[PDB]
Amino acid sequence: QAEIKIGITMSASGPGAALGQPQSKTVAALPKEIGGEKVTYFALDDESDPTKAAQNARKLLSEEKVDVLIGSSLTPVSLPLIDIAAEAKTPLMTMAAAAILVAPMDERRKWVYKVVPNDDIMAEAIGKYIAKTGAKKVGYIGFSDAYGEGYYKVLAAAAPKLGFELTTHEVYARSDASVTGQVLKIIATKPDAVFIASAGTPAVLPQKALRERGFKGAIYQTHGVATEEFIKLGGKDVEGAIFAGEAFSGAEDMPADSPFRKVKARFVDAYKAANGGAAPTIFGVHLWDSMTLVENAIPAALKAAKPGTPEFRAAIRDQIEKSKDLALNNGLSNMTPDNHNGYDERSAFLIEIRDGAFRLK
Ligand SMILES: O=C(O)C(=O)c1ccccc1
């Protein structure tokens, strides 16, 4: 009989690498037995490319007949996987951020779960903070994709009532070498602050370009930057950046017995043991937390059916939907039939880069 099989596609190369590489390194830390059954992981790089991710998913689903699919790392790469997983009646744990991946619910997103808090929650929280600082004019640059646009649309809708105006809607593609034209346009609007909607190492470019061209005001980013690689590459230019993000990023500033510190230690300890003592970045935890949900669902699913059958996959899908009051590294998660993300505003923590580390603001 087939053991439990988990397929993973992640953006281990391409402009998503700072997200997918940590995920690739987390695979070796994942549990090799659950509910008394062996678990085998099949991990594939999708190169930050939606076409390759779809190919990976179809191979994992049709050839390996995986019980659960996990991925991808990025929103554009993950979007096509929704239909593929639903058609295959296989749960998909996406590791990307945009709300559209699971919300609003529909007959396909019934098959999809999402541990990273929906970007609209984060956008609302950062918008409120920006308003509180007294900023009245806020520049904007973000990725020309559904991740970036999810930030722009929520900020733009909230701006009027918050009491500031978005002075631009500049965009760039993740691999672009330059954003000089966009940054010059932003600077010409003489804003009080600038918002950047980006992720991974590409997020450094617009912030450095703004600083190099004389912008001295506040710069806000997103939880796409919550990797120490961003701090290292960005240096003094990213000092002081603020974003709305996850408990994981603020955990060192929470009480010692906080559940968030406990769930972080479990991940960090396992990751270090599998990776020669190297500390993980947050993006690996999106794989880890996804597997927490899957692991929690498997024992009940095993009472219903054997691994490798549609009935087992359906039981996993049914069970994750019932998960309640669960502290993940990503926040306090409560799944429902209509909410396959599981978070509210209590999941949004304001993070600041201070002295080269992520801190609670
Ligand atoms: O969703 C994405 O495209 C993305 O860049 C991201 C940002 C933060 C956490 C997970 C994915």
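Couple of notes before you dig in:
- Between amide H atoms placed 1.01 Å from N, distances below 5 Å from residue 142 occur with 170, 171, 172, 197, all of them 5 or more places distant or on a separate chain.
- Estimated from helical segments only, the mean residue ellipticity of the chain at 222 nm is -12500 deg cm²/dmol, where each DSSP H run of four or more residues counts as -39500 (n - 2.57).
- Taking the longest Cα principal axis of the chain as reference, the axis of helix 282-304 is set at about 30 degrees.
- Rounded to 5, the percent of DSSP beta bridges in the chain classed as antiparallel: 30
- The range 88-194 shape via C-alpha gyration tensor axes, a/c threshold 1.5: oblate
- Counted by neighbouring Cβ atoms within 10 Å, the residues 10, 254 run from fewest to most as 254, 10.
- Under the criterion of Cα pairs below 8 Å and six or more residues apart, the relative contact order for the range 1-117 equals 25 percent.
- Selected from 169, 286, 340 as most flexible by GNM, with the chain as the system and alpha-carbon contacts under 10 Å: 169
- Remark: 105, 291, 122 ranked as 105, 291, 122, counting other beta-carbon atoms within 10 Å and listing the fewest first.
- Size-normalised alpha-carbon gyration radius of the range 272-354, reference 2.2 N^0.38 Å: 1.33
- Nearest-0.05 FRET efficiency for residue 59 and residue 279, computed from C-beta distance (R0 45 Å): 0.90
- Among the listed pairs 110/322; 208/272; 128/216; 38/65; 38/110, those whose Cα-Cα separation exceeds 24 Å are 208/272; 38/110.
- Among 257, 119, the ranking by other beta carbons within 10 Å of each residue's beta carbon, starting with the fewest, stands as 257, 119.
- Fluctuation leader among 283, 230, 243 - the chain, Gaussian network, Cα springs under 10 angstrom: 230
- Taking a Cβ cut-off of under 12 Å around residue 207, the surrounding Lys, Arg, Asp and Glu residues balance to a net charge of +1, with basic ones at +1 and acidic ones at -1.
- If you model the range 1-53 as an ellipsoid using its alpha carbon gyration tensor, with each semi-axis the square root of five times an eigenvalue, the axes come out at 25, 12, 5 Å, biggest first.
- Summing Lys and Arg as +1 and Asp and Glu as -1 over all other residues whose Cβ lies under 9 Å from the Cβ of residue 312 gives a net charge of 0.
- Relative to the 2.2 N^0.38 Å rule of thumb, the range 136-218 has a C-alpha radius of gyration ratio of 1.01.
- In this calculation the C-beta distance from residue 185 to residue 361 is compared with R0 = 25 Å, giving a FRET efficiency of 0.30.
- Whole-number Å³ per residue for the convex hull built on Cα positions in the range 187-236: 71
- The Stokes-Einstein estimate for the chain, based on a Kirkwood radius over Cα pairs and taken at 25 °C with 0.890 mPa s viscosity, is a diffusion coefficient of 120 µm²/s.
- Contour excess over end-to-end distance, with Cα ends at residue 33 and residue 176 and 0.36 nm allotted per residue: 47.2 nm
- Across the chain, Cα pairs under 8 Å and at least six residues apart give a relative contact order of 19 percent.
- ³J(HN,Hα), Karplus 6.51/-1.76/1.60, whole Hz, each residue of the range 185-196, x for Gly, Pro: 4, 4, 4, 5, 7, 6, x, 7, 8, 10, 9, 10
- Degrees between helix 50-62 axis and first principal axis of the chain (Cα, 0 to 90, nearest 10): 10
- Bridgeable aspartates and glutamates around residue 5 (alpha carbons under 15 Å apart, same-chain partners fewer than 8 residues away excluded): 33, 37, 63, 64, 67, 295, 311.
- C-alpha center-to-center spacing [the range 167-204, the range 81-137] in angstrom: 23
- Charge context of residue 121, other residues only, Cβ under 13 angstrom, K/R +1, D/E -1: -3
- The GNM of the chain, with springs linking C-alpha atoms under 10 angstrom apart, assigns the highest mean-square fluctuation among 67, 49, 325 to 325.
- Placing a label point 7 Å from the Cα of residue 253 along the Cα-to-Cβ line, the residues of the range 328-361 whose backbone N sits under 19 Å from it are 329-332, 345-361.
- Rounded tilt (10° steps) of 146-162 against the dominant C-alpha axis of the chain: 50
The numbers here are math on the coordinates, done by the rules we state, and not lab data. Cβ sites come from the backbone with ideal geometry, for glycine too, and all protein chains shown count toward neighbours.
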